[PDB]
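Enquirer: So that we are looking at the same thing, I have put the structure below in structure tokens.
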Amino acid sequence: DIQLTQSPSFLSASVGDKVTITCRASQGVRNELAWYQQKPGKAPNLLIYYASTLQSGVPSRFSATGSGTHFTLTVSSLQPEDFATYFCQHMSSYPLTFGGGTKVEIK
Amino acid sequence: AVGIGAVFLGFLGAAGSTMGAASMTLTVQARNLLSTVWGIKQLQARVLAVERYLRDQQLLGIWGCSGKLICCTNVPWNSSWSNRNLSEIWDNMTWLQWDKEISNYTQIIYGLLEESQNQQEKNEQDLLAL
Amino acid sequence: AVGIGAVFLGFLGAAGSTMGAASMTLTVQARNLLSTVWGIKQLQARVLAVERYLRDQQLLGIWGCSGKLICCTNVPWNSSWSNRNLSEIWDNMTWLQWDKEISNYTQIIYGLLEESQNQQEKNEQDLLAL
Amino acid sequence: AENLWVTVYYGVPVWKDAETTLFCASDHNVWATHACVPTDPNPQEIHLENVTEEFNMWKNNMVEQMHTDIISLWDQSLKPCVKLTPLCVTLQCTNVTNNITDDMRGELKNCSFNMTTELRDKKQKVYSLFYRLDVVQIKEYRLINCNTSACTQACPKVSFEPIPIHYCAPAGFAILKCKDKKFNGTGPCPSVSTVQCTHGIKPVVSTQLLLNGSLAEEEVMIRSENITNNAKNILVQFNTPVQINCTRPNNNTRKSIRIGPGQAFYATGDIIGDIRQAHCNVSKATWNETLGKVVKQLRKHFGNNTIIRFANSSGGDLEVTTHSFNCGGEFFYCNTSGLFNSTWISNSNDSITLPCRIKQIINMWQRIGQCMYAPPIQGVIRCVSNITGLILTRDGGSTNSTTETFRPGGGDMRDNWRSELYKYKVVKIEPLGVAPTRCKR
Amino acid sequence: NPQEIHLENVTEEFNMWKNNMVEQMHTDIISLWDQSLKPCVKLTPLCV
Amino acid sequence: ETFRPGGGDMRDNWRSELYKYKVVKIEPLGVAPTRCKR
Amino acid sequence: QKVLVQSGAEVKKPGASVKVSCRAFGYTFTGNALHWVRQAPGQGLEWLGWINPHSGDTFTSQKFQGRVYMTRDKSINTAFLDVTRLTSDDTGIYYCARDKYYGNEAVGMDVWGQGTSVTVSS
Ligand SMILES: *[C@@H]1O[C@H](CO)[C@@H](O[C@@H]2O[C@H](CO)[C@@H](O[C@@H]3O[C@H](CO)[C@@H](O)[C@H](O[C@H]4O[C@H](CO)[C@@H](O)[C@H](O)[C@@H]4O[C@H]4O[C@H](CO)[C@@H](O)[C@H](O)[C@@H]4O)[C@@H]3O)[C@H](O)[C@H]2NC(C)=O)[C@H](O)[C@H]1NC(C)=O
Ligand SMILES: *[C@@H]1O[C@H](CO)[C@@H](O[C@@H]2O[C@H](CO)[C@@H](O[C@@H]3O[C@H](CO)[C@@H](O)[C@H](O)[C@@H]3O)[C@H](O)[C@H]2NC(C)=O)[C@H](O)[C@H]1NC(C)=O
Ligand SMILES: *[C@@H]1O[C@H](CO)[C@@H](O[C@@H]2O[C@H](CO)[C@@H](O[C@@H]3O[C@H](CO)[C@@H](O)[C@H](O)[C@@H]3O)[C@H](O)[C@H]2NC(C)=O)[C@H](O)[C@H]1NC(C)=O
Ligand SMILES: *[C@@H]1O[C@H](CO)[C@@H](O[C@@H]2O[C@H](CO)[C@@H](O)[C@H](O)[C@H]2NC(C)=O)[C@H](O)[C@H]1NC(C)=O
Ligand SMILES: *[C@@H]1O[C@H](CO)[C@@H](O[C@@H]2O[C@H](CO)[C@@H](O)[C@H](O)[C@H]2NC(C)=O)[C@H](O)[C@H]1NC(C)=O
Ligand SMILES: *[C@@H]1O[C@H](CO)[C@@H](O[C@@H]2O[C@H](CO)[C@@H](O)[C@H](O)[C@H]2NC(C)=O)[C@H](O)[C@H]1NC(C)=O
Ligand SMILES: *[C@@H]1O[C@H](CO)[C@@H](O[C@@H]2O[C@H](CO)[C@@H](O)[C@H](O)[C@H]2NC(C)=O)[C@H](O)[C@H]1NC(C)=O
Ligand SMILES: *[C@@H]1O[C@H](CO)[C@@H](O[C@@H]2O[C@H](CO)[C@@H](O)[C@H](O)[C@H]2NC(C)=O)[C@H](O)[C@H]1NC(C)=O
Ligand SMILES: *[C@@H]1O[C@H](CO)[C@@H](O[C@@H]2O[C@H](CO)[C@@H](O)[C@H](O)[C@H]2NC(C)=O)[C@H](O)[C@H]1NC(C)=O
Ligand SMILES: *[C@@H]1O[C@H](CO)[C@@H](O[C@@H]2O[C@H](CO)[C@@H](O)[C@H](O)[C@H]2NC(C)=O)[C@H](O)[C@H]1NC(C)=O
Ligand SMILES: *[C@@H]1O[C@H](CO)[C@@H](O[C@@H]2O[C@H](CO)[C@@H](O)[C@H](O)[C@H]2NC(C)=O)[C@H](O)[C@H]1NC(C)=O
Ligand SMILES: *[C@@H]1O[C@H](CO)[C@@H](O)[C@H](O)[C@H]1NC(C)=O
Ligand SMILES: *[C@@H]1O[C@H](CO)[C@@H](O)[C@H](O)[C@H]1NC(C)=O
Ligand SMILES: *[C@@H]1O[C@H](CO)[C@@H](O)[C@H](O)[C@H]1NC(C)=O
Ligand SMILES: *[C@@H]1O[C@H](CO)[C@@H](O)[C@H](O)[C@H]1NC(C)=O
Ligand SMILES: *[C@@H]1O[C@H](CO)[C@@H](O)[C@H](O)[C@H]1NC(C)=O
């Protein structure tokens, strides 16, 4: 099992701020990382795949960068529907694993 | 990443895929080309479908491409047809766009494949005569 | 002399040429074999044309000549058919006259090509079994 | 340096716009399914990723073929039926006045006439009830059709109820389907699929109102070939249906008259009880808010502060000036003046009753000299239908005024068929392709 | 000179009561009867 | 046991001549195990 | 238009077996590999496995091997997840997720089911 670790575990930020959320992998995942957004009591949504490609139907404020073990997801200007839980998920080798999760909340 | 093998996109499911990717599903399109006044229009439709299938088969067979789905030929690629060297055809475009791009360049190629195949048949005849 | 290349004599333009010369225009004849009571006679005509084309194709294919316009075979030339050694066939006579000369010798040859092809299929089967 | 050679690929996914003859599929009736292939219990739809296709509902040849098919099916269902040539005689007619309301006066004629029998040398004095719309005075009358053509009586066992019909492409052809909601029928559809047969389309013949059809999944859809050309019909598709309840309340008696060897004419005997008008009911609130939806969607094309007005049909044949339809064998022609009567300015349990007139002499398609006689239906008749759309026509519209006026239209059933086939098209597969590749033979 | 091919070692299942040949033949005979009567006098006047 | 003449349906008349015939469709394609490899 | 609809919620005793269904609409069922995931209340996601709907091949996460089974029926465009020998730790929301699956390899779960609550308790 490969370990994905995310920073923060919890975060408070206001609308218009930039949030950068870091996911680190114990082993190498070249670009096989996807970023998902989940909101209370609902199935998650694919935000990023290939660790830098924006999913069709996602606002351009979302962006991702990094290859190998270190990845950062950036929202340039927060919005009151962006306050939710975020996961990073690799699929380089079995088992596919998800990150612990970052809950972004408004200040 | 990890995979679990090939999938099946359906009859024309690769119509929006790249030419390279869509070239892997040729049989899928191939099989579905064959299957007292409305027993007549129906029969005309069936006769027409058979006729077009057989016209395509004859056209393939008079090129030396009989029984094949991918058939590389002896005719070179006259660059007056298309100037896109390969990286922008097979990985960046679909067959509908390519047919849009060469519907104006078709029949000459067909006649060339015809005469080249006849040349091949005669040269093989001469070779086996020795 | 000097020349400027090959010419095009039309659908049956080589009917009056020698057999060797007329053997250079086979595709020309090949392509033109396929294309509420007068929607019925027409449909019967189209079905008959398709049927005869397919009978010819099957007859070629059960000889191992599938997909070919010139097909040399394993069956030798029984001299009880024709004694004309070659100089007076391919350069001095036309296909209509040859067909006049061997319409009396056709079906036996067809059956022989059939059984030779089946022999070939079984022998290739045995060869690949090793 | 390139060293590229022709390469032939067979089985390529490419297609061209094509016109072909589709065939019928379905799961005694006019819309003969005894010559229709059984429908697959699990039809297969192939969702084509990334395919953006050109659609045009107004040049769809599927509509023309379907119109031809419906007319042919209608014609062949009437062939083994009684030709009412003997019925072209002199009629001695009086007024039916026994238990009629004030709005049924002169609407029914009690007509006695001499008729042939099974024996060539005998005549029978018979009588029938005819509709005012079916007879013309020469106290002496004749049937309306007798100076144009003889009429074929519909065979009483054949049902007129529409059955869904699926249209399927032959081998080498595909039916492309636009899955785009909000699609207005013309232009590029970016969400395309392939189907072997279309969905079950019911041949519902009607004017001014599309009945028992498909609904829009998002909102009311306005579709016109050229919205700024007032000579083009506007097709409105509802997202929510409007319930319409149509009754002929008369308890009709049918009697059978032997007019020849094995030939029966079905006359109307006598109405059991009170004689009163056929009609249709539409919920007033439902119709009002549906028209509000239609107005809000028309403002998108005709201005945001414009006045949107609904008015009566201008004029013409009884088929086009009324909501004409078929309710369980009887042919209704309803006055839709209470529906299209309102103005809209930019800013309970009752119902609208549309009086209807019945006819027995029918000219279905816009043809002359080929008429059908509808036999009377035993008993009271009542049907419930969904209004799922409208056929409108814009009135004038010069730059002099800022009021846009719309009137019910129809007559041509191709617009009815176009309201169901708008999201379909037919293409022919082009499997052969030639491309450059590095191989040499 | 009709050609009958005698199939050695073949044992076949037969059922005369589900034979569709019979149904087709019934249809053919009825159709031939019907079309032989089409270009013939209809005796409508005889009903007197 | 009592037997009475019957008839009416001509399919029994046709069945008395076609009782020894049947129609089959040829299935020419077959697949079998053999030692070859292509 | 792409939707995955799952069966209703389930409440089972420990040691039982549960069957979560997942039907696909709006896309060709045999065109994308289908993942099965579960989320516990207030925890992260745990990927169970995935199945190829065309061939029927499956891969289960090794710690679930021999206990959970993935199957599909093509005639009804549906995939079945059988979780056997249930324990209170299996309680959670079960999701079926279509994979983008570009190049016949996992890229991302773009379509998700609405989720099926499976609660295991004595
Ligand atoms: C839109 O759709 C709705 C719902 O699908 C349609 O409303 C339905 O319409 C059908 C057909 O009109 C109707 O079915 C009839 O119901 C009657 C009451 O139960 C029946 O009496 C009637 O059966 C008679 O007619 C059939 C042929 O139409 C015969 O097969 C049948 O044997 C019956 O005929 C006998 O009786 C009559 C009368 O005595 C006699 O003349 C005959 O010789 C024979 O002896 C139909 O089954 C449904 O009841 C309607 N349903 C509702 C909810 O209204 C609506 O019409 C559609 N709109 C349009 C415009 O098409
Ligand atoms: C329909 O079109 C879309 C977009 O044109 C296709 O998605 C694209 O798929 C290709 C491969 O099939 C992706 O290329 C990949 O790129 C990544 C990183 O760039 C690389 O790691 C991979 O090896 C591969 O080369 C491409 O990125 C992707 N586009 C987007 C925007 O995600 C889709 O496949 C098409 N669908 C069908 C059925 O053909
Ligand atoms: C129709 O028939 C005539 C003959 O009846 C054909 O003309 C003949 O064509 C051949 C070859 O095309 C000529 O042979 C040539 O002869 C010269 C000198 O002998 C030699 O140098 C050449 O190499 C060649 O062998 C032949 O002379 C000529 N006959 C005549 C009388 O001119 C004609 O080609 C036929 N038409 C068609 C369409 O086939
Ligand atoms: C239509 O006219 C006929 C004939 O005038 C009416 O039938 C007559 O009805 C009376 C009783 O009302 C009988 O005494 C007669 O013997 C009937 N005559 C025949 C020839 O049958 C019929 O009632 C009228 N119907 C209507 C609706 O006006
Ligand atoms: C049915 O036919 C009879 C006879 O053909 C009609 O009675 C005749 O009517 C004419 C007037 O047009 C008189 O001049 C004759 O004297 C009548 N003859 C008899 C024997 O009565 C009768 O009017 C016809 N009925 C209908 C309803 O048309
Ligand atoms: C009138 O419209 C209603 C609503 O669309 C139809 O009722 C639907 O019928 C379908 C059957 O195909 C069901 O799947 C839906 O659940 C029904 N919806 C509702 C709200 O009832 C009704 O069948 C239509 N009636 C006619 C005669 O066409
Ligand atoms: C819609 O139809 C109208 C026809 O009324 C087209 O516009 C007219 O074109 C004629 C051609 O000479 C002009 O004389 C008229 O003045 C035009 N009408 C107006 C209001 O300017 C119009 O082009 C059509 N629209 C489309 C998209 O084809
Ligand atoms: C159309 O609406 C009218 C009401 O305006 C209906 O007439 C009523 O019919 C019921 C039948 O159950 C009677 O009980 C009432 O006394 C009638 N009232 C009036 C004022 O006529 C009519 O039946 C409706 N018809 C349909 C087909 O819905
Ligand atoms: C059309 O007829 C239907 C019944 O065929 C009517 O539906 C009834 O509506 C009332 C509301 O006023 C309900 O109390 C009844 O339960 C309904 N009956 C059924 C069988 O559903 C409908 O109201 C009628 N519409 C109009 C405009 O008259
Ligand atoms: C639409 O409404 C107008 C008026 O509201 C109708 O005109 C009536 O037509 C009848 C038929 O001859 C006349 O007797 C009336 O006097 C007219 N009324 C008025 C106020 O002029 C018109 O018929 C309606 N449209 C349709 C198709 O019926
Ligand atoms: C359709 O209905 C309207 C409304 O009743 C009819 O217009 C009426 O016509 C009568 C003449 O018979 C007048 O007395 C009324 O005053 C009119 N009312 C209105 C509101 O205009 C119209 O004639 C009907 N259409 C047809 C063809 O009869
Ligand atoms: C029949 O009734 C109408 C309307 O009541 C009247 O105009 C007509 O003259 C009447 N015909 C008769 C009594 O023959
Ligand atoms: C038939 O009669 C009606 C009314 O009498 C008339 O309007 C129509 O033009 C006539 N048709 C012919 C073909 O004479
Ligand atoms: C609506 O129809 C018009 C007709 O000209 C067309 O131009 C337009 O593209 C259509 N709507 C959309 C969203 O394409
Ligand atoms: C119509 O009349 C017949 C015979 O009088 C009767 O049996 C039937 O009940 C009546 N139907 C209605 C709806 O009144
Ligand atoms: C049309 O609306 C007017 C109200 O402006 C009303 O007086 C008239 O009676 C209506 N006509 C019909 C046929 O309902």
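Laboratory data are not the source of any read-out in this text; all were calculated from the coordinates shown. As a convention, Cβ positions derive from the backbone with ideal geometry for all residues, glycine included, and neighbour counts pool all protein chains shown.
Enquirer: Give me the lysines in straight-line cross-link reach of G:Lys19: C-alpha distance below 24 Å, same-chain residues under 8 apart excluded.
Expert: Reachable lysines: A:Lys42, G:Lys2, G:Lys63, G:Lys74.
Enquirer: Something else now. Using only atoms on other chains, find how many Cβ atoms lie within 10 Å of each Cβ of peptide D:161-170 and report the average. Mind showing how you got there, number by number?
Expert: On the way: counts 0, 0, 0, 0, 0, 0, 0, 0, 1, 7.
Taking all residues of D:161-170 together, the mean is 1.
Enquirer: Averaged over its residues, how many other protein chain Cβ atoms are within 10 Å of peptide F:21-29's Cβ atoms? Display every interim value, and only then the final one.
Expert: Working: counts 5, 9, 4, 1, 0, 0, 0, 0, 0.
What the average comes to for F:21-29 is 2.
Enquirer: Between region A:7-26 and region D:8-42, what's the alpha-carbon centroid distance in Å?
Expert: One Cα centre to the other: 56 Å.
Enquirer: Step through the residues of region E:33-48 one at a time and calculate ³J(HN,Hα) from phi using the Karplus curve (6.51 cos²θ - 1.76 cosθ + 1.60, θ = phi - 60°), rounding each to whole Hz and writing x for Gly and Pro.
Expert: Karplus-based 3J(HN,Hα) across region E:33-48 equals 4, 5, 7, 6, 9, 5, x, 9, 5, 8, 8, 5, x, 5, 7, 10 Hz.
Enquirer: Let me know the shape class of chain G, please: from the alpha-carbon gyration tensor, a ≥ b ≥ c as square roots of the eigenvalues, rounded when a/c is under 1.5, otherwise prolate if a/b is greater than b/c, or oblate.
Expert: prolate
Enquirer: Please list, ordered by chain and number, the residues whose modelled amide H lies under 5 Å from the amide H of G:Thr78; skip anything fewer than 5 residues away on the same chain.
Expert: G:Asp73
Enquirer: Cα centroids of region D:337-409 and region D:184-223: how far apart, whole angstrom?
Expert: Rounded to whole Å, the Cα centres lie 20 Å apart.
Enquirer: Further question: Assuming a ≥ b ≥ c are the square roots of the Cα gyration tensor eigenvalues, decide whether region D:281-329 counts as rounded (a/c under 1.5), prolate (otherwise, with a/b larger than b/c) or oblate. If you can, show how the numbers build up before the last one.
Expert: Numbers: a/c = 3.03, a/b = 1.62, b/c = 1.86.
Taking the square roots of the gyration eigenvalues as a ≥ b ≥ c, region D:281-329 is oblate.
Enquirer: As a test of the formula, what do you get for chain D when each DSSP H run with n ≥ 4 contributes -39,500 (n - 2.57) and the sum is divided by the residue count, at 222 nm and rounded to the nearest 500 deg cm²/dmol? Mind showing how you got there, number by number?
Expert: Details: 4 runs with 45 residues, N = 441.
Taking each H run of at least 4 residues, the total per residue is -3000 deg cm²/dmol.
Enquirer: Let me ask something else. Give, as a single signed number, the net charge of other residues whose beta carbon lies under 10 Å from the beta carbon of G:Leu4, with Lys and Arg counted +1 and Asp and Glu -1. Mind showing how you got there, number by number?
Expert: On the way: positive: G:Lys2, G:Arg23, G:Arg98; negative: none.
Local charge sum for G:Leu4: +3.
Enquirer: Students often forget the sequence filter, so: which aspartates and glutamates lie under 14 Å Cα-Cα from C:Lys68 once same-chain residues fewer than 8 apart are removed?
Expert: Answer for C:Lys68, where 14 Å is the Cα cut-off: B:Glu114, B:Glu115, B:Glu121, B:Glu124, C:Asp56, listed by chain and number.
Enquirer: What span do the alpha-carbon atoms of region D:25-133 cover on each of the three principal axes, reported in whole Å from largest to smallest?
Expert: Principal extents (Cα only, largest first): 72, 42, 28 Å.
Enquirer: So for G:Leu81, D:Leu73, D:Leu143, fewest C-beta neighbours within 10 Å to most, what's the order? Working shown, then result.
Expert: Details: G:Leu81 26, D:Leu73 20, D:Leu143 23.
Lowest count first: D:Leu73, D:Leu143, G:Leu81.
Enquirer: I would also like to ask the following. Any chance you could tell me what percent of the C-alpha pair distances in region D:325-441 go past 20 Å?
Expert: Cα-Cα pairs of region D:325-441 separated by over 20 Å account for 68 percent.
Enquirer: Find the percent of Cα-Cα distances in chain A that exceed 19 Å, and round it to a whole number.
Expert: More than 19 Å apart: 37 percent of the Cα pairs in chain A.
Enquirer: Another question, if that's okay. May I ask you to derive the relative contact order of chain A, considering only C-alpha pairs under 8 Å and at least 6 residues apart, and to give it as an integer percent?
Expert: On the way: 269 pairs, mean separation 40.4, N = 107.
About 38 percent, as a whole number.
Enquirer: While we're looking at this one, here's another question. How do D:315-325, F:2-12, B:13-23 rank on mean C-beta neighbours within 10 Å, highest first? Could you put the intermediate results ahead of the total?
Expert: Numbers: D:315-325: 18.1, F:2-12: 7.8, B:13-23: 21.6.
The densest-packed peptide leads the list: B:13-23, D:315-325, F:2-12.
Enquirer: Between D:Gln44 and E:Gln3, what is the spin-label point distance in nm, taking each point 7 Å from the Cα along the Cα→C-beta axis?
Expert: Result for the modelled spin labels: 3.9 nm.
Enquirer: Over what distance in Å are the Cα centres of region G:62-122 and region B:79-98 separated?
Expert: Computed from Cα coordinates, the inter-centre distance equals 41 Å.
Enquirer: Is it possible to state the helix-based mean residue ellipticity at 222 nm for chain B, with each DSSP H run of 4+ residues giving -39500 (n - 2.57), the sum divided by total residues, to the nearest 500 deg cm²/dmol? What is it? If you can, show how the numbers build up before the last one.
Expert: Working: 5 runs with 61 residues, N = 130.
Estimated from H runs of four or more residues: -14500 deg cm²/dmol.
Enquirer: Continuing with the same structure: Using a 10 Å cut-off around each Cβ, can you sort D:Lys59, C:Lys68, D:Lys182, G:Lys12 from fewest to most neighbouring Cβ atoms?
Expert: Details: D:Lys59 12, C:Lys68 20, D:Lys182 9, G:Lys12 16.
Fewest-to-most Cβ neighbours within 10 Å comes out as D:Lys182, D:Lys59, G:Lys12, C:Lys68.
Enquirer: What ranking of D:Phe160, G:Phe29, C:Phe11 emerges when the number of other C-beta atoms within 10 Å of each C-beta is taken as an exposure proxy, fewest first?
Expert: Working: D:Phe160 19, G:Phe29 23, C:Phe11 11.
In increasing order of surrounding Cβ atoms, one gets C:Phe11, D:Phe160, G:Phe29.
Enquirer: Continuing with the same structure: Find the all-direction average of the projected area of the Cα convex hull for region D:48-107, expressing the result in square nanometres with one decimal place. Can you show the working numbers first?
Expert: Numbers: hull surface 43.7 nm².
Computed as one quarter of the Cα hull surface, the answer is 10.9 nm².
Enquirer: Taking the Cα atoms of region D:1-42, report the difference between the largest and smallest coordinate on each principal axis, in whole Å and largest first.
Expert: 73, 25, 12
Enquirer: Collect residues whose amide H, placed 1.01 Å from N in the peptide plane, falls under 5 Å from the amide H of D:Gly11; neighbours closer than 5 in sequence don't count.
Expert: Counting only residues 5 or more places away or on other chains, the set is D:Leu432.
Enquirer: In peptide B:113-120, what is the residue-averaged number of other protein chain Cβ atoms found within 10 Å of each Cβ? All intermediate terms of the calculation are to be shown ahead of the outcome.
Expert: On the way: counts 4, 6, 3, 2, 6, 9, 1, 4.
Counting Cβ atoms of other protein chains within 10 Å of each residue's Cβ and averaging gives 4.
Enquirer: Would you mind listing how long chain D runs along its three principal axes, going by Cα atoms, in whole Å with the largest first?
Expert: Largest first, chain D extends 100, 62, 38 Å along its Cα principal axes.
Enquirer: Please compute P(r) over all alpha-carbon pairs of the protein assembly as shown, binned at 10 Å starting from zero, and give each bin as a whole-number percent.
Expert: P(r) for the protein assembly as shown, in whole percents per bin: 2, 8, 12, 15, 16, 16, 13, 10, 6, 2, 0.
Enquirer: OK, next. Taking only the C-alpha atoms, wrap a convex hull around region C:12-128 and report its volume per residue in Å³ as a whole number. Mind showing how you got there, number by number?
Expert: Values: hull volume 18.6 nm³, N = 117.
Per residue, the Cα convex hull of region C:12-128 comes to 159 Å³.
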